[PDB]
Each structure stands twice: as C-alpha cells, then as structure tokens.
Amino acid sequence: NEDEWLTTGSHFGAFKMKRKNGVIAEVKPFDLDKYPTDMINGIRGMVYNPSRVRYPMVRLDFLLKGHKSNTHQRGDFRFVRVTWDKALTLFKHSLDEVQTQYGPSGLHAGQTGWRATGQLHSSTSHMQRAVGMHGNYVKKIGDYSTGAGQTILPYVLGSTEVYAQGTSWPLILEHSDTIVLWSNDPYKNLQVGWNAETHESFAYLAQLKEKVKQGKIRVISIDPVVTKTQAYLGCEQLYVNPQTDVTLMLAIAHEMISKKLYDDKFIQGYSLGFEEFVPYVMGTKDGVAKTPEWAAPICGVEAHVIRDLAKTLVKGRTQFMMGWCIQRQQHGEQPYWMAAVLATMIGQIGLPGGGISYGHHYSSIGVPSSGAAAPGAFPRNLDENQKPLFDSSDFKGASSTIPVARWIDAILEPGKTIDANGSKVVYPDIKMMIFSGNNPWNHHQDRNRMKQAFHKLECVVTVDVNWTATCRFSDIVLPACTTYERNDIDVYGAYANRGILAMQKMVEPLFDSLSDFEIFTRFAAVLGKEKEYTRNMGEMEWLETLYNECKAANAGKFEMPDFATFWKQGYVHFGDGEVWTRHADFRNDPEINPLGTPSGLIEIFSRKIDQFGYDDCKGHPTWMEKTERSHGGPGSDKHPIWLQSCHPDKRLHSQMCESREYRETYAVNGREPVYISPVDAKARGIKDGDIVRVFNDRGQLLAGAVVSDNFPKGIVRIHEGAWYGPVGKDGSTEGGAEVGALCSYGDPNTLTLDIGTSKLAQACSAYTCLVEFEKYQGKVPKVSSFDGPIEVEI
C-alpha cells in the first residue's frame, strides 16, 4: 500500500517511515540529516525479532512458594504465564511484605540507564513515581561513564566539565595548529545522542579531513590501538602502554622545567600550588627525578621522542580533546587531574582553539544552539499534594544514598563502613530490587560474583521490551512496546536545540505488550490512586499540554503555530546560533569572573583534599601502580593479555544486538568477534573464523577470531554489549544457573573485576583486567541468549 510518510525519531537520528501490509515497510533518513549512521539498517529488526516479550510471566518456584523459594534456580529460564491482574496483585503484595518486615532500607529502586527517547513515555520515571506512592527506597549518585572525572574536576577547574558546552568547531578550524586526540575516537562515538541526533558534527569532521590533507592542521592520536578516526583522517599515531599515561605527562612537565618552556605569567596570575608540586617532579624529597629516561621503559616511549613532543605543544596554538575511557580504570582521577596541569603550564586556556576539552565526542558539543527553550517532561516524583501508604524514614542507621557502583558490595556485606569523597557511608540490608530502562547484566562487572550475591535476594522485578539477561534472572517480568507503537514528543539535538519533532504511532502494540504509561496507571489503580497519578489526562492531552507550555516560554523570541498545525507538519524549526569560546571570561579578568573552586583559581594543589588523608589520592597528582597490568605489570606472568571492552560500532550498548539479519553481518561462526594480533595468533595456532576461548581465574567464554593489524602485541578487544548466554557443562539452557558456567556467546564482563577507583570517587574500574586465550577444543554448544524462555504449564 502506498501512503504518506510519517515522522519520528530515536537515539540514532530522526526518521521518515511508510506502512504496508499492516507492518513498517521502510525507513528513510529525515530530510535535514546529511550524514546518517549505518545502523539505520537495523531499526526494523528491533521491533520484529525472536527475543520479544509476549506476555507477563513468573518464575516457576517463585510462583509456587513466594519469598521462601529456592533462589539457586535463577538462570535456568523456566517461567509460567499469567494474566495482567494476577501479575500486578503479586507485585504489590511483595512491596507490602518488604515495607512491613524490613522497611525502606530493604528496597532498591534507583538504578538508571539508556532508556529510549521521549518526554511523556520515559520508562524509569513512570516506575519511580508509582512505587514512591507505595513507600520509600534506597537511591544512588553517579554513573558508569564519567564516575571519577566528575568527582575530581570541581576541585581543579570548578565544574564537572564533561557535560558542558565547548568552543565552537569553526573557531577551532580557523585557529588551531595542533589537535591532540588523547584516548578519543569521535568518528565512531558521534553516531548517537541523548535526544534525536542531528549529526551536525560530521560536517565539521569532513572539513577537518581537508585541513589534514592540505597540510594546514596536524592531528596526533595518543592511543595503544589504531582507531576508526585515524583511518578516516589519515593522521599519525603515538603508541603508549595501557594504563601508563601518567608517567608520560610527568616526564613532559620535567622537560618544561629544565629548558624553561612554561608560561610563567599565566601560572602566577591564574593558579595556586605550582611551588608545592615542583619538588615531586624534581625528586628533591623522594629521591627520584621523573625524567624521560625514567619514564621510558614504563610507558614505552623513547626519551628523544618524548622531548620532541614537548617542543611541539608550545610551538603553536594547541587544543586538547580528551575521551572518557581513560578515567574508567584504577586511580582514574590522576590522568584527568595531571592533564589539566599540563594545559595550565602551557597557558593558552581561554583562547579560541587553545586549552583543553573533555567532551567534543558527545552529542554534537561544538555546534551552537538556537537559544530556544526545550519542552518539559512527565514527573518522576510525587506532587506536593500527595503522600505514600507507608512513609517511614527509618533506615536503621544506614545510608539512604550510595555510590552507584558499590551496590553489589552492599548486598554482600551490609553494615560495613566505607570512605567516600570526604564522608562516611554505611551499607544497607537490601532484600528486593526493581529494574526499568537499564540492563544490569550487561553494565556491571564479574558475572560469577553477581550470581552469589543474588542468592541472598528475595524478589526481583523487571520491565523490558525484550527477554534480556536481566529478565532471565528475575522473578516477575512485564512486557512493554517500542517508541514506534505509541505517540510522543522530543527535541532535535541535545545541545543544538535546532527544533522540536513529533513521534507518531506507526502500528498497534504487538502481542500482550503495553506502553509504560499504561503499565503504571493500572498499578496506581490497584493502590486506589489512578486519577492522582495521571493528573486526570490521557496520552494526547498530556502531549498538547507540554507543547503549549514550550510555546509560552519561547513567545518572546521564536514564533510557533498551534498544536493541531504542528502535529500535521510533524516538525517546527528554531534556527542557528553564534560562535563562543569556552574559558574567555576568566581569562579577561579572573577577579570579575572567577572559577567555582574554593579560591577562584586553578588548583594544582588542593588543601581540601589533602586534609582527608586518603592513601590513594593526595594533595597533588602522583603515579601509583595497579593490581593487574600488562607489558611487565603485576600479574602478566600468568595472564599476559590486556582486555579492552570498548563501546560497539554497530550497537548502542546492548540495544540492537537482537536485530537478527543485521547482527549476522558481523558475527563470526555464531559467536561475537574477538580482535587478535598476528604475532599472538600465530603463537597459539589460531586462524580467522576459529572459535576461541578467553579466560582467567574468575570466568570463561567463547568467541570468533578476527586477525588485524590495528592491534599490537599483547592486546585483544571484545565490544561491550554482547548478550550474556551461559550454559551447563552439557550445553543445556537450564545448567546455565550454575556458578562458573561457560558463556556461549561472549559477554566481556564475564571476566572482569569489581573494584573501587580510589577512596575519592569509588567508581568503575572495568579496564584494569588481565586474561589469556586458546583455541577452543570441546563439544560446541548452541547459543541460549536470543531464543527466549522455556514455557512451563501447571
């Protein structure tokens, strides 16, 4: 059937779609988008796939025995189907039992993640609002991306920096001589955004490729691996041993002292503490000068190459662009801190195309905003007019808010006391947990340790669109529909604010699935508080209310038509903006425009932190050895290979791994691909296409061989997001519940360690990992990850 195209959008971009034979016929890019992503070929598979959640289900023994069931069985995949009313009655009864027997400290419902775009249907917000109307629970602070970075920068530059707007791309293209990409791959990571992604940044990357060819701009990539960006631009690379970056920075600062290359004016007028740091680099107290000769065998860079780099950074106007990966390792606050110190010693902060950036690889930061106000959202909290059924604040002496990544450690040892960014934290006694809009069995580390911690839980509830590993390890499960099976509203470009889009319903929700609004409105009915929850409005009434409010705010500078007209058009345009320079104000007059630090200047040495007395984070940057390190680091005698689980090029974390046809374009021999170097492959007799087994003293998995020159000796890669699918010793689905079971597909976190960054931020350290690998020789199993549950009938 040939009809008019409809409008919509997602984290991958804005689209245009047409329907035929009652199904979505085809996807086309939105007109204004000139650089779409290849992942546009996987969209249709996300809605029509084999891992779809058909109806509500409850785990066998839990259905039969309630909170007194055999928890050792989680993971075997056997479930029983039930009606919506029965499933909701059970859910509520469980919340009753826990508030009564234990109280608020025994429930954890605050985990967040990459939920789909949409101002009205946002899943995590609907769950928390309804559950709150029942009773309180435990919350968290932080995230898995910039955990350490966001905790340290406020002390140095006076802000988190990572999520702020930066210097405009044009100003950079016209003034920068050298652009340093340190642990940064923007060509690959710019394909997605927080809101509908405009992809504007790709036009500027194209202009950059020109400058590189003409020989007008020099780009240097400091990375242990050859990146996608380096290949696209045709620029150079500087190898560095993984995790040894800090020794290089210290050596560079040593050259600048000896041969007077640092800007003395900027230091004296814009910072504090330089004179307290010098002694360390110079070795006047500890006994060792941090010279290039010293750093060389550690970082893997020759003394003369280090001196050459130093002269280059002061030769012209230099612009630093740091990624996020480097701070996701043990002591991750150090490289971020020491970087800011180098930028200060150079003294080009505040100039167009000079200084340092921590985010030009995220949601098109660098393209100027229109200046318009964006639309509001559905509330995730109770309204001033209401109260919950219970409402107790007794946490039995424990903390009501914990560091995001310490949640497993708390289930394992309640009542323990930990240090945390200048305060004390006490772990609560958790018995029940709720998940919506996130996938814990993908994002956390150490699968086999997580299995032991789960044995101590009484109830686990999950709402998702597909049968993910998290659902596989739950007690009650509820089905939701995709954004293409409902109506919503969203802004175009998280930082651009180019306009406002319309997310129109394409087809009817499949099977027994429901929209997140519907799911929690029914729950509110059980509690007898339906109207209060919804504010007495439906889907379209809510959307119309949010548009009108946005139009009200923008009344002064932007014109907008009425809702009826807007919906028919499917889009409303805002405009372009003017260029801007990041730290120009503080530069012009630091007396008038100080920073948010305690003194108002840049702090190379902080009195505040030094006062804490922490052993693994002191008054100034230092080099400290890690627990597991390659190329001569501790532990490389038994497990020589470094494992990096860098973000995927053809997925958004775990989202899209379910798209059948599209996935089969990169899968190898049924498994997820492992990228291996020629030298290491030869030493083990491995060839392309062979099934490989990667392991260590904590876990084991299977994967497909891919030999590549982009990987140096001693390093392998397996992308984060590959679905966890364990099997027994006989290759069965059910045996997958066993502690120590082999993963038939290849999830990297099956081999990772659960450690805290340092006493300062207590964040994720996933990249500190050592392993070993061999050619798999045993009976080959079938993948259990994508085929859904075993249905048991009573």
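In case it trips you up, residue 1 is the first one in the sequence shown, and so on.
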Handout entry: 279 to 287 versus 672 to 680 - which carries the larger mean C-alpha B factor in the record
Key = 279 to 287
Problem - Stretch exceeding the other in mean C-alpha B-factor - 590 to 598, 341 to 349 - result: 590 to 598
Handout entry: Residue of maximum C-alpha B factor among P29, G45, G746, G735, per deposited coordinates
Key = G746
Exercise for the section: Could you check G613, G234, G193, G269 and tell me which one carries the biggest Cα B-factor in the deposited entry? Expected result: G269
Practice task
Divide the modelled residues of the chain into thirds by Cα B-factor and specify which third, lowest, middle or highest, holds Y55.
Solution key: highest
Problem - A148, C-alpha B-factor rank within chain (lowest, middle or highest third) - result: highest
Exercise for the section: Please place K34 in the lowest, middle or highest third of its chain by C-alpha B factor as given in the entry. Expected result: highest
Practice task
Grab the CA temperature factor for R317 from the record and place it in the lowest, middle or highest third of its chain.
Solution key: highest
Practice task
Name the third of the chain's ranked CA B-factors that contains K68, choosing lowest, middle or highest.
Solution key: middle
